[PDB]
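See below for the structure under consideration.
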Amino acid sequence: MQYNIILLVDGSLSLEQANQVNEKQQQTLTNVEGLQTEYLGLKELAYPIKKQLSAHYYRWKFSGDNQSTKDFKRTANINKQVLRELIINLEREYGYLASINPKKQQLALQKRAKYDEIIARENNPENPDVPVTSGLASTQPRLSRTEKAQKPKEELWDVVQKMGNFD
Amino acid sequence: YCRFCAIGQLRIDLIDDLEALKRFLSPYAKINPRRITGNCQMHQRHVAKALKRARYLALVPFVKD
Amino acid sequence: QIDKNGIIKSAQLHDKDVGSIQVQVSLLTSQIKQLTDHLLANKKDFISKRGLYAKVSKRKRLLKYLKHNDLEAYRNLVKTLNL
Amino acid sequence: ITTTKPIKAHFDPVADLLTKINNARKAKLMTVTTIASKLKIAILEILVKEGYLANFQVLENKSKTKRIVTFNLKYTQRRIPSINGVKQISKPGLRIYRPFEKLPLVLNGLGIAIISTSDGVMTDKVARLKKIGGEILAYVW
RNA sequence: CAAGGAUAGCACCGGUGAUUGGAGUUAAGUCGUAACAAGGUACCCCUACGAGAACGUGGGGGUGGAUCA
RNA sequence: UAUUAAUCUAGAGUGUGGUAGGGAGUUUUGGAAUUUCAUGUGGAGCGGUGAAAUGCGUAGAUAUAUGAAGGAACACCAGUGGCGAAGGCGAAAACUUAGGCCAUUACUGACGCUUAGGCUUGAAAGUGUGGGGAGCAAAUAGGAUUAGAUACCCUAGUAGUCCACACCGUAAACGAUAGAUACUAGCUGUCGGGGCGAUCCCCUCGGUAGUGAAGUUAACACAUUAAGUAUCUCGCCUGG
């Protein structure tokens with residue numbers, strides 16, 4: 001449960017006063033501590049959020065709490081010293097698993113194979129090389145332990161047969 | 001044509017992967033549909049929510065043409 | 001979210017009651033309390049209230065069984081069927 | 001052996017058997033699995049002997065933990081089943097019983113009804129001859 | 001004691017009564033054709049109003065409409 | 001069997017682990033801009049239709065750009081997509097949390113199943129209650145046109161559309177296909193989950209789809225998500 005918190009603060013404020021604004025923001029932040037004022041640079045906003053064409057970007061990386069970020073979000077919104085107060089949680093859609101997250105190493109292999117650094121070709125994502133026939137392949141069928149085989153004979157292979165003699 | 005979960009990280013925020021998002025973007029406030037980039041439901045969620053989020057934070061034109 | 005594992009293990013007296021009537025009724029009661037809290041904090045969540053009534057009904061039936069099978073269910077009744 | 005596709009309590013053994021029988025008749029299927037019971041074993045044995053149904057195998061996991069029966073229909077070498085219609089009689093919502101003197105011959109005096117009585121389960125003819133009646137499990141013709 | 005006889009309050013049911021909605025019926029009554037083609041405005045469903053009226057328009061629910069791959 | 005005396009899981013399910021939905025609600029803003037006001041310039045048109053006119057413009061327009069305010073709703077993503085009990089869910093961002101998908105001899109040992117009565121919810125109009133009301137249209141009103149427009153045209157235009165509360169609690173809430181339950185040729189698609197592995201291909205299961213076998217509606221057709229197969233329960237049904 002982690003919060004990636006992105007704060008866009010006023011206009012073209014100098015680095016020192018922007019950091020002080022950010023420090024006030026932790027002072028009004030009730031979430032988990034350990035977050036440090038990381039300067040992401042002064043990025044040009046696509047539009048003036050209120051009147052600021054470009055805003056100072058800052059990121060904070062730490063854990064998260066449940067009933068401790070709504071109040072921080074709305075206070076950071078009301079606090080005009082910071083324009084924008086985006087939150088990100090740990091859960092967006094990705095995996096919490098030791099056999100679907102380590103599949104991101106296969107994704108790194110995909111990144112490697114994205115560009116043909118040699119004459120040979122291993123590009124074109126979704127190109128079936130068919131290296132896998134294994135996996136689960138298991139619906140877990142019920143094992144059969146014999147109790148009584150009442151006439152174990154069973155009819156099979158009903159060929160298309162009729163009026164075998166016509167000569 | 002699937003795009004995310006092969007070039008993406010399955011965890012899409014704005015930073016560190018904004019280029020894969022902008023690939024279904026133009027400074028015109030539009031997102032490429034499945035007819036050009038046939039990404040699945042979760043990848044479409046990624047691109048939709050994240051791109052309109054970048055629009056929301058004033059990173060790319062929200063509606064501006 | 002679900003508030004699942006902690007409540008189960010608190011109601012899990014031994015390794016022989018992971019899915020017993022006791023843990024089930026405890027889960028339904030804890031879910032009733034949590035759903036009341038949530039739906040008071042979130043009014044128009046009709047999903048929560050319909051689920052709360054469904055859990056109330058299933059808890060009623062679980063209690064009627066638990067009194068049909070074991071006669072000691074109501075001698076220490078901290079789960080009276082009234083809600 | 002390996003008996004696949006187990007079935008759990010649908011609402012009763014009788015309807016669980018009937019749905020499988022009609023599905024096998026529909027899809028031209030050979031062998032299907034259903035629940036196991038003393039009544040089911042008796043009726044299945046008597047239907048093997050009667051000729052309407054082919055053999056069956058009753059299987060257990062270790063105990064009452066899981067008891068099922070797989071059963072096959074008698075088919076000529078033309079994919080034609082010997083079963084020309086089976087109707088369940090004993091039902092949960094309606095417990096049906098008949099005396100020994102009130103049991104008819106099905107089809108045209110050929111079909112054999114399976115009847116459990118006070119002292120066992122048997123066929124309609126020998127149920128009438130036994131002078132003992134009881135519930136009916138299946139009308140088979 | 002009593003069949004019974006009573007008071008003021010009430011209660012149940014029926015018919016009637018200036019005046020009157022609604023129904024089937026006269027191959028031969030009044031307006032316009034709303035609407036049945038996407039039927040002269042596409043249909044409507046729930047609901048507000050008004051309009052001789054077919055109906056017409058609002059806010060939502062749908063295609064029980066065609067076009068069209 | 002209705003009952004009793006016990007057990008076993010496999011129905012109710014529960015556990016574990018992986019585990020996704022525009023789910024709901026709560027809390028925020030951001031913009032396309034709508035309208036209005038001031039800065040201005042402009043120097044006789046704007047506007048509306050099938051046709052014009054009505055209407056708007058010379059206290060300076062058409063229109064334009066800035067600044068400021070108030071309301072409304074969120075371009076694309078939007079899916080032979082998922083979820084939500086239907087009602088429904090799409091500008092993004094967070095939280096509470098219903099519920100979900102995958103596999104579990106795993107645990108109580110039938111705890112089950114529905115549902116008349118009963119509990120809760122229930123698009124919406126429109127009702128009043130407090131705000132602003134940006135815009136517009138029921139009603140209303142002029143010019144058309146008409147055999148006549150309060151119909152199709154528009155302008156003016158309120159209730160209302162907006163939100164807070166109840167009530168209205170009806171809908172094309174109809175898939176005109178009930179809920180729980182198990183099974184029935186396939187085939188070609190998608191999404192989610194589990195395994196695996198450059199991707200991938202692939203397998204598993206569901207969800208979400210279809211042609212069509214069988215089966216079933218007179219027929220139209222459904223068809224593995226049935227209107228196929230069958231059990232428990234309920235609701236609806238006999239001429240206009």
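Within each chain, counting starts at residue 1; across the structure tokens, chains are named A, B, ... in the order shown, with ligands numbered 1 upward in that order.
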- Message: I need the contact residues of chain A against chain F, so if you could list those with any atom within 7 Å, counting only C-alpha atoms (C1' of nucleotides), and return them as a ChimeraX atom specification, that would help.
- Response: /A:66-67,69-70,73-74,86-87,97,106,109-110,113,125-139
- Query: If we count only C-alpha atoms (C1' of nucleotides), what is near range 31-35 of chain C at a cut-off of 12 Å, once residues fewer than 5 positions away on the same chain are taken out, given as a PyMOL selection string?
  - Reply: (chain C and resi 1-4+7-8+23-26+40-43+45-59+79+83) or (chain F and resi 96-98)
Skipping near chain neighbours, those fewer than 5 positions away, what residues fall within 6 Å of range 57-60 of chain D using only C-alpha atoms (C1' of nucleotides), listed as a short mmCIF file (atom, residue, chain, number, x, y, z; two decimals) with N, CA and C atoms, in the first residue's frame?
data_model
loop_
_atom_site.label_atom_id
_atom_site.label_comp_id
_atom_site.auth_asym_id
_atom_site.auth_seq_id
_atom_site.Cartn_x
_atom_site.Cartn_y
_atom_site.Cartn_z
N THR A 146 -11.33 -48.09 -7.83
CA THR A 146 -12.34 -49.10 -8.16
C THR A 146 -13.05 -49.66 -6.93
N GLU A 147 -14.38 -49.61 -6.94
CA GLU A 147 -15.21 -50.24 -5.93
C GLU A 147 -15.87 -51.52 -6.42
N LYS A 148 -16.60 -51.45 -7.53
CA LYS A 148 -17.22 -52.62 -8.14
C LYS A 148 -17.42 -52.34 -9.62
N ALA A 149 -16.99 -53.28 -10.45
CA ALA A 149 -17.11 -53.17 -11.90
C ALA A 149 -18.21 -54.13 -12.35
N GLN A 150 -19.45 -53.64 -12.35
CA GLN A 150 -20.59 -54.44 -12.78
C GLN A 150 -20.53 -54.60 -14.29
N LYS D 66 -16.98 -39.31 -1.45
CA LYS D 66 -17.52 -39.13 -2.78
C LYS D 66 -17.88 -40.49 -3.35
N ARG D 67 -19.16 -40.67 -3.67
CA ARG D 67 -19.63 -41.92 -4.25
C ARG D 67 -20.41 -41.58 -5.51
N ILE D 68 -19.93 -42.04 -6.66
CA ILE D 68 -20.55 -41.76 -7.95
C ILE D 68 -20.74 -43.07 -8.70
N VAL D 69 -21.51 -43.00 -9.78
CA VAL D 69 -21.67 -44.13 -10.69
C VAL D 69 -21.58 -43.62 -12.12
N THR D 70 -20.72 -44.24 -12.91
CA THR D 70 -20.74 -44.03 -14.35
C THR D 70 -21.58 -45.13 -15.00
#
- Tell me, as an NGL selection string, which residues lie within 10 Å of range 38-50 of chain D, counting only C-alpha atoms (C1' of nucleotides); anything in the same chain fewer than 3 positions away does not count. (:A and (150-151)) or (:D and (13-14 or 17 or 34-35 or 53-58 or 68-69 or 71-74 or 111-116 or 120-123 or 137-138 or 140-141))
Put those residues in a file: N, CA and C atoms, as a tab-separated table (two decimals), in the first residue's frame.
chain	number	residue	atom	x	y	z
A	150	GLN	N	-19.45	-53.64	-12.35
A	150	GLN	CA	-20.59	-54.44	-12.78
A	150	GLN	C	-20.53	-54.60	-14.29
A	151	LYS	N	-20.10	-55.79	-14.75
A	151	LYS	CA	-19.92	-56.10	-16.16
A	151	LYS	C	-19.03	-55.05	-16.82
D	13	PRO	N	-30.90	-37.27	-6.47
D	13	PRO	CA	-30.29	-38.22	-7.41
D	13	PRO	C	-31.14	-38.49	-8.63
D	14	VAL	N	-32.47	-38.46	-8.50
D	14	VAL	CA	-33.35	-38.88	-9.59
D	14	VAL	C	-33.28	-37.89	-10.75
D	17	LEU	N	-29.96	-37.95	-12.44
D	17	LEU	CA	-29.86	-39.06	-13.38
D	17	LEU	C	-30.65	-38.77	-14.66
D	34	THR	N	-23.16	-39.93	-12.65
D	34	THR	CA	-24.17	-39.36	-11.77
D	34	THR	C	-23.85	-39.82	-10.34
D	35	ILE	N	-24.74	-39.50	-9.39
D	35	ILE	CA	-24.53	-39.82	-7.98
D	35	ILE	C	-24.72	-41.32	-7.76
D	53	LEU	N	-30.64	-50.57	-20.31
D	53	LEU	CA	-29.38	-49.90	-20.06
D	53	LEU	C	-28.22	-50.89	-20.14
D	54	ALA	N	-27.08	-50.40	-20.60
D	54	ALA	CA	-25.85	-51.19	-20.58
D	54	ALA	C	-25.26	-51.15	-19.18
D	55	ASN	N	-24.02	-51.62	-19.04
D	55	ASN	CA	-23.41	-51.79	-17.74
D	55	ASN	C	-23.19	-50.45	-17.03
D	56	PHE	N	-22.72	-50.55	-15.79
D	56	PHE	CA	-22.36	-49.39	-14.99
D	56	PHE	C	-21.22	-49.77	-14.05
D	57	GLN	N	-20.50	-48.75	-13.59
D	57	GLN	CA	-19.43	-48.91	-12.62
D	57	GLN	C	-19.62	-47.90	-11.50
D	58	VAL	N	-19.72	-48.39	-10.27
D	58	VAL	CA	-19.84	-47.54	-9.09
D	58	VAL	C	-18.45	-47.31	-8.52
D	68	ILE	N	-19.93	-42.04	-6.66
D	68	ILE	CA	-20.55	-41.76	-7.95
D	68	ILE	C	-20.74	-43.07	-8.70
D	69	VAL	N	-21.51	-43.00	-9.78
D	69	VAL	CA	-21.67	-44.13	-10.69
D	69	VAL	C	-21.58	-43.62	-12.12
D	71	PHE	N	-22.31	-44.76	-16.04
D	71	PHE	CA	-23.24	-45.68	-16.68
D	71	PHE	C	-23.25	-45.45	-18.18
D	72	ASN	N	-23.32	-46.54	-18.93
D	72	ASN	CA	-23.34	-46.53	-20.38
D	72	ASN	C	-24.68	-47.06	-20.87
D	73	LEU	N	-25.11	-46.58	-22.04
D	73	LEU	CA	-26.34	-47.04	-22.66
D	73	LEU	C	-26.00	-48.10	-23.71
D	74	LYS	N	-26.86	-49.11	-23.83
D	74	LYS	CA	-26.63	-50.16	-24.81
D	74	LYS	C	-26.90	-49.62	-26.21
D	111	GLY	N	-42.54	-52.72	-21.66
D	111	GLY	CA	-41.73	-51.91	-20.77
D	111	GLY	C	-41.84	-52.38	-19.33
D	112	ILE	N	-40.73	-52.26	-18.61
D	112	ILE	CA	-40.60	-52.78	-17.25
D	112	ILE	C	-40.38	-51.61	-16.31
D	113	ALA	N	-41.26	-51.46	-15.33
D	113	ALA	CA	-41.10	-50.43	-14.31
D	113	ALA	C	-40.30	-50.97	-13.14
D	114	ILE	N	-39.47	-50.09	-12.57
D	114	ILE	CA	-38.59	-50.44	-11.46
D	114	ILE	C	-39.24	-49.96	-10.17
D	115	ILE	N	-39.45	-50.88	-9.23
D	115	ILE	CA	-40.28	-50.61	-8.06
D	115	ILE	C	-39.55	-51.09	-6.82
D	116	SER	N	-39.31	-50.18	-5.88
D	116	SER	CA	-38.83	-50.55	-4.56
D	116	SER	C	-40.02	-50.77	-3.63
D	120	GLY	N	-37.50	-54.80	-0.57
D	120	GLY	CA	-36.50	-54.84	-1.62
D	120	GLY	C	-36.96	-54.07	-2.84
D	121	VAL	N	-36.09	-54.09	-3.86
D	121	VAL	CA	-36.32	-53.41	-5.13
D	121	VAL	C	-36.28	-54.45	-6.24
D	122	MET	N	-37.23	-54.35	-7.17
D	122	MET	CA	-37.38	-55.36	-8.21
D	122	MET	C	-38.11	-54.76	-9.41
D	123	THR	N	-38.52	-55.64	-10.32
D	123	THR	CA	-39.24	-55.27	-11.53
D	123	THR	C	-40.74	-55.33	-11.29
D	137	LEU	N	-39.36	-46.14	-8.82
D	137	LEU	CA	-38.17	-45.33	-9.09
D	137	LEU	C	-38.08	-44.83	-10.52
D	138	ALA	N	-38.44	-45.65	-11.51
D	138	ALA	CA	-38.34	-45.23	-12.90
D	138	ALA	C	-39.23	-46.11	-13.77
D	140	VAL	N	-39.44	-47.46	-17.32
D	140	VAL	CA	-38.49	-47.73	-18.38
D	140	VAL	C	-39.16	-48.60	-19.44
D	141	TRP	N	-39.01	-48.21	-20.70
D	141	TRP	CA	-39.59	-48.96	-21.80
D	141	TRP	C	-38.68	-48.94	-23.03
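The two atoms in question, CA of residue 37 in chain B and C1' of residue 90 in chain F, are spaced 19.0 Å apart.
Distances here use only C-alpha atoms (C1' of nucleotides); by that measure, the residue among B:14, B:60, B:2, B:47 closest to chain F is B:47.
With CA of residue 101 in chain A on one side and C1' of residue 101 in chain F on the other, the separation reads 18.5 Å.
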- Item | Filtered DSSP result for chain B, state alpha helix (DSSP H), as number ranges by chain | B: 18-22, 41-56
Export N, CA, C and O atoms of the chosen residues as a compact mmCIF listing (two decimals), in the first residue's frame?
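For reference, selection-v3.txt as written:
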# COMPACT_ATOMS: atom_id res chain seq x y z
N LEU B 18 5.36 7.73 -19.91
CA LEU B 18 4.42 8.63 -20.56
C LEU B 18 4.48 8.52 -22.08
O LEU B 18 3.52 8.88 -22.76
N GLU B 19 5.58 8.00 -22.63
CA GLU B 19 5.72 7.90 -24.08
C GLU B 19 4.83 6.81 -24.67
O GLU B 19 4.25 7.01 -25.75
N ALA B 20 4.70 5.67 -23.99
CA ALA B 20 3.78 4.64 -24.47
C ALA B 20 2.34 5.15 -24.47
O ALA B 20 1.54 4.76 -25.33
N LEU B 21 2.00 6.02 -23.52
CA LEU B 21 0.69 6.66 -23.49
C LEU B 21 0.54 7.67 -24.63
O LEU B 21 -0.48 7.68 -25.32
N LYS B 22 1.55 8.52 -24.82
CA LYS B 22 1.49 9.52 -25.88
C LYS B 22 1.49 8.89 -27.26
O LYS B 22 1.11 9.56 -28.23
N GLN B 41 -8.77 -4.81 -22.62
CA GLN B 41 -9.57 -3.99 -21.71
C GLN B 41 -8.70 -3.26 -20.69
O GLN B 41 -8.90 -2.08 -20.42
N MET B 42 -7.73 -3.96 -20.11
CA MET B 42 -6.91 -3.32 -19.09
C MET B 42 -5.96 -2.31 -19.70
O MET B 42 -5.71 -1.24 -19.13
N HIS B 43 -5.40 -2.64 -20.86
CA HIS B 43 -4.56 -1.68 -21.58
C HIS B 43 -5.37 -0.48 -22.06
O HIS B 43 -4.85 0.64 -22.06
N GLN B 44 -6.61 -0.69 -22.49
CA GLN B 44 -7.46 0.45 -22.85
C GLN B 44 -7.75 1.31 -21.62
O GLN B 44 -7.77 2.54 -21.72
N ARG B 45 -7.99 0.69 -20.47
CA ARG B 45 -8.12 1.44 -19.23
C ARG B 45 -6.86 2.25 -18.94
O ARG B 45 -6.92 3.43 -18.60
N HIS B 46 -5.70 1.59 -19.04
CA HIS B 46 -4.42 2.27 -18.88
C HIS B 46 -4.37 3.53 -19.72
O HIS B 46 -4.23 4.65 -19.20
N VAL B 47 -4.52 3.37 -21.03
CA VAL B 47 -4.31 4.49 -21.95
C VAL B 47 -5.37 5.56 -21.72
O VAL B 47 -5.04 6.75 -21.61
N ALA B 48 -6.63 5.17 -21.57
CA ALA B 48 -7.71 6.13 -21.36
C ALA B 48 -7.49 6.94 -20.10
O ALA B 48 -7.34 8.17 -20.14
N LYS B 49 -7.48 6.26 -18.95
CA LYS B 49 -7.40 6.96 -17.67
C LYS B 49 -6.10 7.73 -17.56
O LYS B 49 -6.10 8.89 -17.14
N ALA B 50 -4.97 7.13 -17.95
CA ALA B 50 -3.69 7.80 -17.81
C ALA B 50 -3.57 9.00 -18.75
O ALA B 50 -3.05 10.05 -18.35
N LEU B 51 -4.04 8.88 -19.99
CA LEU B 51 -3.93 10.01 -20.91
C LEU B 51 -4.84 11.15 -20.50
O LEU B 51 -4.42 12.31 -20.49
N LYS B 52 -6.09 10.85 -20.13
CA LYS B 52 -6.95 11.92 -19.64
C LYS B 52 -6.51 12.43 -18.28
O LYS B 52 -6.92 13.52 -17.87
N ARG B 53 -5.67 11.67 -17.57
CA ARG B 53 -5.06 12.13 -16.33
C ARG B 53 -3.92 13.12 -16.61
O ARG B 53 -3.78 14.13 -15.91
N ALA B 54 -3.10 12.82 -17.61
CA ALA B 54 -2.09 13.78 -18.05
C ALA B 54 -2.75 15.05 -18.57
O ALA B 54 -2.25 16.16 -18.33
N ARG B 55 -3.85 14.90 -19.30
CA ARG B 55 -4.66 16.06 -19.65
C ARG B 55 -5.17 16.76 -18.40
O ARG B 55 -5.22 18.00 -18.33
N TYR B 56 -5.53 15.98 -17.38
CA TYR B 56 -6.08 16.51 -16.14
C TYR B 56 -5.04 17.28 -15.34
O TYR B 56 -5.38 18.26 -14.67
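Counting from CA of residue 26 in chain A, the distance to CA of residue 13 in chain B is 22.0 Å.
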- Pick out the residues sitting within 10 Å of residue 113 in chain F, and hand them over as a VMD selection string; count only C-alpha atoms (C1' of nucleotides), and ignore anything fewer than 2 positions along from it in its own chain. (chain D and resid 11) or (chain F and resid 11 to 12 115 179 to 181 232 to 233)
Writer output for current selection, N, CA and C atoms (P, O5', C5', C4', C3', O3' and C1' of nucleotides), as a PDB file, in the first residue's frame:
ATOM      1  N   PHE D  11     -30.340 -31.368  -7.114  1.00  0.00           N
ATOM      2  CA  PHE D  11     -31.301 -31.251  -6.028  1.00  0.00           C
ATOM      3  C   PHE D  11     -31.730 -32.615  -5.515  1.00  0.00           C
TER       4      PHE D  11
ATOM      5  P     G F  11     -19.917 -28.282  -3.280  1.00  0.00           P
ATOM      6  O5'   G F  11     -21.456 -27.871  -3.396  1.00  0.00           O
ATOM      7  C5'   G F  11     -22.126 -27.824  -4.653  1.00  0.00           C
ATOM      8  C4'   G F  11     -23.620 -27.941  -4.472  1.00  0.00           C
ATOM      9  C3'   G F  11     -24.229 -26.918  -3.517  1.00  0.00           C
ATOM     10  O3'   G F  11     -24.650 -25.744  -4.185  1.00  0.00           O
ATOM     11  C1'   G F  11     -24.805 -29.086  -2.800  1.00  0.00           C
ATOM     12  P     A F  12     -23.871 -24.362  -3.959  1.00  0.00           P
ATOM     13  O5'   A F  12     -24.989 -23.377  -3.395  1.00  0.00           O
ATOM     14  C5'   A F  12     -25.908 -23.810  -2.404  1.00  0.00           C
ATOM     15  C4'   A F  12     -25.765 -23.029  -1.122  1.00  0.00           C
ATOM     16  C3'   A F  12     -24.523 -22.159  -0.994  1.00  0.00           C
ATOM     17  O3'   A F  12     -24.648 -20.905  -1.650  1.00  0.00           O
ATOM     18  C1'   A F  12     -24.791 -23.437   0.976  1.00  0.00           C
ATOM     19  P     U F 115     -36.621 -15.932  -5.057  1.00  0.00           P
ATOM     20  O5'   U F 115     -38.146 -15.637  -4.707  1.00  0.00           O
ATOM     21  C5'   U F 115     -39.199 -16.174  -5.495  1.00  0.00           C
ATOM     22  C4'   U F 115     -40.326 -16.671  -4.626  1.00  0.00           C
ATOM     23  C3'   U F 115     -40.780 -15.710  -3.536  1.00  0.00           C
ATOM     24  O3'   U F 115     -41.725 -14.765  -4.013  1.00  0.00           O
ATOM     25  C1'   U F 115     -40.384 -17.848  -2.593  1.00  0.00           C
ATOM     26  P     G F 179     -33.060 -15.532 -13.682  1.00  0.00           P
ATOM     27  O5'   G F 179     -32.917 -15.922 -12.146  1.00  0.00           O
ATOM     28  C5'   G F 179     -33.024 -14.932 -11.134  1.00  0.00           C
ATOM     29  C4'   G F 179     -33.137 -15.559  -9.770  1.00  0.00           C
ATOM     30  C3'   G F 179     -32.231 -16.751  -9.519  1.00  0.00           C
ATOM     31  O3'   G F 179     -30.907 -16.374  -9.183  1.00  0.00           O
ATOM     32  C1'   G F 179     -34.418 -17.263  -8.796  1.00  0.00           C
ATOM     33  P     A F 180     -29.661 -17.219  -9.743  1.00  0.00           P
ATOM     34  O5'   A F 180     -29.651 -18.527  -8.833  1.00  0.00           O
ATOM     35  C5'   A F 180     -29.487 -18.430  -7.425  1.00  0.00           C
ATOM     36  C4'   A F 180     -29.570 -19.785  -6.771  1.00  0.00           C
ATOM     37  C3'   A F 180     -28.887 -20.921  -7.515  1.00  0.00           C
ATOM     38  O3'   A F 180     -27.485 -20.957  -7.314  1.00  0.00           O
ATOM     39  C1'   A F 180     -31.042 -21.609  -6.870  1.00  0.00           C
ATOM     40  P     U F 181     -26.512 -21.334  -8.536  1.00  0.00           P
ATOM     41  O5'   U F 181     -26.808 -22.877  -8.794  1.00  0.00           O
ATOM     42  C5'   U F 181     -26.659 -23.823  -7.747  1.00  0.00           C
ATOM     43  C4'   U F 181     -27.278 -25.153  -8.095  1.00  0.00           C
ATOM     44  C3'   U F 181     -26.771 -25.821  -9.358  1.00  0.00           C
ATOM     45  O3'   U F 181     -25.506 -26.435  -9.189  1.00  0.00           O
ATOM     46  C1'   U F 181     -29.127 -26.005  -9.248  1.00  0.00           C
ATOM     47  P     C F 232     -39.823 -31.159  -7.948  1.00  0.00           P
ATOM     48  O5'   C F 232     -39.460 -30.003  -6.918  1.00  0.00           O
ATOM     49  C5'   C F 232     -38.835 -30.297  -5.677  1.00  0.00           C
ATOM     50  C4'   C F 232     -38.465 -29.032  -4.948  1.00  0.00           C
ATOM     51  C3'   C F 232     -39.452 -27.888  -5.097  1.00  0.00           C
ATOM     52  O3'   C F 232     -40.541 -27.997  -4.199  1.00  0.00           O
ATOM     53  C1'   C F 232     -37.259 -27.093  -5.480  1.00  0.00           C
ATOM     54  P     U F 233     -42.002 -27.518  -4.653  1.00  0.00           P
ATOM     55  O5'   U F 233     -41.944 -25.937  -4.485  1.00  0.00           O
ATOM     56  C5'   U F 233     -41.456 -25.357  -3.286  1.00  0.00           C
ATOM     57  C4'   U F 233     -41.080 -23.912  -3.484  1.00  0.00           C
ATOM     58  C3'   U F 233     -42.062 -23.080  -4.283  1.00  0.00           C
ATOM     59  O3'   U F 233     -43.196 -22.689  -3.532  1.00  0.00           O
ATOM     60  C1'   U F 233     -39.865 -22.623  -5.017  1.00  0.00           C
TER      61        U F 233
END
- Name the residues in contact with residue 75 in chain A at a cut-off of 12 Å, using only C-alpha atoms (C1' of nucleotides), excluding same-chain residues fewer than 2 positions from it; report them as a PyMOL selection string. (chain A and resi 24-30+68-73+77-85) or (chain F and resi 27-29)
- Task: Apply DSSP to the structure's backbone, then extract all residues of chain D labelled strand (DSSP E) and return them as JSON, numbers by chain.
- Result: {"D": [31, 32, 33, 34, 35, 53, 54, 55, 56, 57, 58, 59, 60, 67, 68, 69, 70, 71, 72, 73, 86, 87, 88, 97, 98, 112, 113, 114, 115, 116, 117, 120, 121, 122, 123, 134, 135, 136, 137, 138, 139, 140]}
- Give me the residues within 10 Å of residue 142 in chain F as a PyMOL selection string, counting only C-alpha atoms (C1' of nucleotides) and dropping any in the same chain fewer than 4 places off. chain F and resi 54-55+155-156
Closest atom pairs, chain B residues within 7 Å of chain A, only C-alpha atoms, as CSV:
residue,atom,partner,partner_atom,distance
B:6,CA,A:107,CA,5.9
B:7,CA,A:111,CA,6.8
B:10,CA,A:94,CA,5.1
B:11,CA,A:94,CA,5.3
B:57,CA,A:84,CA,6.8
B:58,CA,A:46,CA,4.6
B:59,CA,A:46,CA,4.9
B:60,CA,A:46,CA,5.0
B:61,CA,A:46,CA,5.5
Next, the residues of the selection above should be written as a short mmCIF file (atom, residue, chain, number, x, y, z; two decimals), in the first residue's frame with N, CA and C atoms.
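Listing of out_12.cif after writing:
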data_model
loop_
_atom_site.label_atom_id
_atom_site.label_comp_id
_atom_site.auth_asym_id
_atom_site.auth_seq_id
_atom_site.Cartn_x
_atom_site.Cartn_y
_atom_site.Cartn_z
N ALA B 6 3.37 -5.48 -23.15
CA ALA B 6 4.56 -5.88 -23.89
C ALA B 6 5.62 -4.80 -23.92
N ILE B 7 5.24 -3.54 -24.14
CA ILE B 7 6.14 -2.42 -23.97
C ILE B 7 5.89 -1.68 -22.66
N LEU B 10 2.49 -2.94 -16.92
CA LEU B 10 1.26 -3.46 -16.30
C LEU B 10 0.83 -2.57 -15.14
N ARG B 11 1.67 -1.60 -14.79
CA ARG B 11 1.39 -0.60 -13.77
C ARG B 11 1.69 0.74 -14.44
N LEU B 57 -3.78 16.85 -15.38
CA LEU B 57 -2.73 17.53 -14.63
C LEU B 57 -2.08 18.65 -15.43
N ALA B 58 -2.60 18.95 -16.62
CA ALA B 58 -2.00 19.91 -17.55
C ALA B 58 -0.61 19.45 -17.99
N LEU B 59 -0.57 18.27 -18.60
CA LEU B 59 0.62 17.78 -19.29
C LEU B 59 0.46 17.77 -20.80
N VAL B 60 -0.72 17.41 -21.29
CA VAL B 60 -1.03 17.41 -22.72
C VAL B 60 -2.40 18.06 -22.90
N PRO B 61 -2.67 18.61 -24.10
CA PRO B 61 -3.93 19.34 -24.32
C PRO B 61 -5.16 18.58 -23.86
#
